[PDB]
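Chemist: Sending over a structure as structure tokens; questions will come in a sec.
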Amino acid sequence: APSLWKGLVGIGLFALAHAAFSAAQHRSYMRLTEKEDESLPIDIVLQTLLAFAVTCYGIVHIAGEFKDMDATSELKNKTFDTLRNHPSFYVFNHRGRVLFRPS
Amino acid sequence: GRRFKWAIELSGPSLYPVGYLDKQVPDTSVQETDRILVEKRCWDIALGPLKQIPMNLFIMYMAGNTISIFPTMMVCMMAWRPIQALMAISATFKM
Amino acid sequence: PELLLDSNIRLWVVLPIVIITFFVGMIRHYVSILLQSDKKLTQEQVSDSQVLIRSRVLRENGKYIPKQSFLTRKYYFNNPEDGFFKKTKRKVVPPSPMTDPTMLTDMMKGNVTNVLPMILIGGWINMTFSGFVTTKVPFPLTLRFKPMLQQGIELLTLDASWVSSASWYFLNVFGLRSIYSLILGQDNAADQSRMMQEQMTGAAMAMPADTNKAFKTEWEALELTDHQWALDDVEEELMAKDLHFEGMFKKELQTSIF
Amino acid sequence: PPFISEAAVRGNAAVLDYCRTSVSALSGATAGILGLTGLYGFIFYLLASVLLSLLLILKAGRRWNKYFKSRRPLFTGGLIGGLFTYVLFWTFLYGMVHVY
Amino acid sequence: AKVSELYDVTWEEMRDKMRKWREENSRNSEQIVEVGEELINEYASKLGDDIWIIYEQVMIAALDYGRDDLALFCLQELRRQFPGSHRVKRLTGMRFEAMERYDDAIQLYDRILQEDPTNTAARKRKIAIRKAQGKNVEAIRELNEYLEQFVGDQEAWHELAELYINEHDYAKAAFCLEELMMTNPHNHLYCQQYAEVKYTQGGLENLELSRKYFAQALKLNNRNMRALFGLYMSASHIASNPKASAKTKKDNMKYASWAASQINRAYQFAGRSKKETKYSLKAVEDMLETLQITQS
């Protein structure tokens, strides 16, 4: 699912860049002709807005973490058996060591 | 008791621990309430912003009337601080 | 829209300046990380810190604790006969902050003089390009900003919208201020403006400037605080319902054993 | 609500600010591509921020009480710095295309 | 299953699982070394920073499991890059202790302390060397010494409580668990252990204290059945003792009867899982009926 969102964001960005290039070409043409104070075509403007709205949808989905506020829920599954052992104090005196010693 | 049947009874046969104390020492009762000095401290902390104006006036007169990046930036943040402290007056007012 | 510009001045000024400021910020952040050095911590100061943390934790979490043990803790801390904080005294350094002077210093210090290094960069950049027109800002501006904005073009009829490279880079500095943290994280130290200003989480949180005074302050703070056993209210759970233990018990079947 | 974890709150705030800055960055590019006046541009920026906030609320929907204690930061948050970074990318592509 | 497991995995998932194992600090040395040496021969390309922690973890597991060859194999790789590193010295000392000649390990710890004054790990390992070498009393004294010099470590508190459990000293373990619970009030596990320790002590006031502590952690997690069982038997024992008041005994019977119904519902909700759960439901049903008749 994240890969699809990333690809969609990339495609939208590419479409936005293409719309920018089209608008640049339109203004370059406009500078050629005297007067003619007209606006850019509405179709490419709508394409620009479509590319802007699509890229803002995946930009929120890509980073969604929203962790739980309460601090009791993560330790709701953890068992006291694992907590009983600690990594500081480890005594290396067990029957498994002499049982696994030959093999 | 025989009602519970299975009931295991476990018995127990220099003061290094700081917490575990041999003598119990109860009978603690403290009643100290000094609201006058607390009100005096709270009355003076709210007077700091008022006294923070004259030195800003002195440094503004010090900047002069030369349009430059440094004086403009000095003035830009001079009013930003009161505004940013004005954006959260409700919390400190409740406090 | 007027003043038709060349296509060679946009590819040789805009992009170079943008990359220059980007990499300057990144280099500053990396060098700030590199130059960071650890501070020596002595065992007595460490123990003082841990005792302070213990007393502060007692102050914060004191409701969920037996009253007898709470009074034993508080007596051990206070202890009018011997007293741990009363007897244990280390060296004292003569102070210098004063009430009115420090009350004023809170504002006098501030961060007023932290803009000059960026002004130096802007001055060098403007020195490189004497007569140049980078871009125009759509925002209308007043003619009293033109001397600061142009600073090198001899034009009095021209509007102040057309900016020079100096203000272009100046606005470029704060444009990526919130963008730098996007790639790095919440704790970002790539701010080009605050070069000399040290911005970090801070090595060795605990700063016992006067150990004895802090001891006495905590001694009186622990005497002030009361005791209210928050455990004594157990009847609220008494009359309730147990349905969450039915809750993931349904969702605890679905996982098997690896 | 009695006990709160600072790590989760920090992560939530960081995510919120990250989306706020990214949406603002793209809003700047759109306005620079089109090209408008200051009043219309600022109004457009405000509209984009409002749309982002509405989508952010829609993202949570139910069980939002556990995620966010309140909604004030969701509505009013990063409005000035986001505008500071939006103004840069607005004029970045504005004069690059039109003036140049 | 070994080949089947090795087939339907990727190195990313395996590394993430090892990281989760580190986070849960479980004791699965067999599986840790099984997935440890497998990724050292399959990938062995990138993730140096991760693979150093992986090397240390794999050698730690091999010291437990059966294999000193891989322990030394990872030790040389750790020594290759960082020539002076105190963690590698500690690890080598631990392996030396595991093999023979504890005195040279003690000398290495002494030298490490001579270099870096603030080294908690070396002191902890020495405390563990004298936990198993001599009596537990001297180890308790030295653990108290280090704890007094620091008063920072919760693991030290829990280890002291565990060592005091074997000596039937619930008075000092009571303070140990009280301190360990004060820092972490949201952890119901420590509250449950404290309630059990106080229940083992005896006494009607201690019984009431343990009951209330059982009921507090019962609502934080709302699923632990050990605490609910302990609360039910605490109420039953309060009812049993003649030294009680009428209304207190009455409310204690209500507490016990309510816990009995919660037990009945908990076991009835497990009956739809399998077909052998009905018989266990019956068994607990006779248990609760016998205890109810005896209480009534």
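Chain D uses Swiss-Prot numbers throughout; the residues present, in order, are 11-110.
Every residue gets a Cβ built from N, Cα and C, even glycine.
Reproduced below are the annotations present in Swiss-Prot:
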- D:29-44: transmembrane segment (TRANSMEM)
- D:45-50: topological domain 'Lumenal' (TOPO_DOM)
- D:51-71: transmembrane segment (TRANSMEM)
- D:72-89: topological domain 'Cytoplasmic' (TOPO_DOM)
- D:90-106: transmembrane segment (TRANSMEM)
- D:107-110: topological domain 'Lumenal' (TOPO_DOM)
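Have a look at these and tell me how they're positioned relative to everything else.
Modeler: Remote same-chain residues near the topological domain 'Lumenal' (D:45-50) are listed as 104, 107-108 (criterion: CB distance under 8 Å, separation of at least six residues from the stretch ends).
If you look at the topological domain 'Cytoplasmic' (D:72-89), the same-chain residues 6 or more away from its ends with a CB under 8 A from one of its CBs are 11, 22-23, 26-27, 30-31, 34, 59, 63, 66.
Outside the transmembrane segment (D:90-106), and at least 6 residues removed from its termini, the chain residues within Cβ reach (under 8 Å) are 30-31, 34-35, 37-39, 41-43, 45, 51, 55, 59.
Per-class residue totals from DSSP over the topological domain 'Lumenal' (D:107-110), listed helix then strand then coil: 1 helix, 0 strand, 3 coil.
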Chemist: What parts of the chain pack near the topological domain 'Lumenal' (D:107-110), using Cβ distances under 8 Å and only residues at least 6 beyond its ends?
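Modeler: Counting only partners 6 or more residues beyond its ends, the topological domain 'Lumenal' (D:107-110) has Cβ contacts under 8 Å with 42-43, 45.
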Chemist: Same chain only, please: residues at least 6 beyond the ends of the transmembrane segment (D:51-71) with a C-beta under 8 Å from a C-beta of the stretch. Say none if there are none.
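Modeler: For the transmembrane segment (D:51-71), the list is 26, 29-30, 33-34, 37-38, 40-41, 77-78, 81, 84-85, 89, 92-93, 96, 100.
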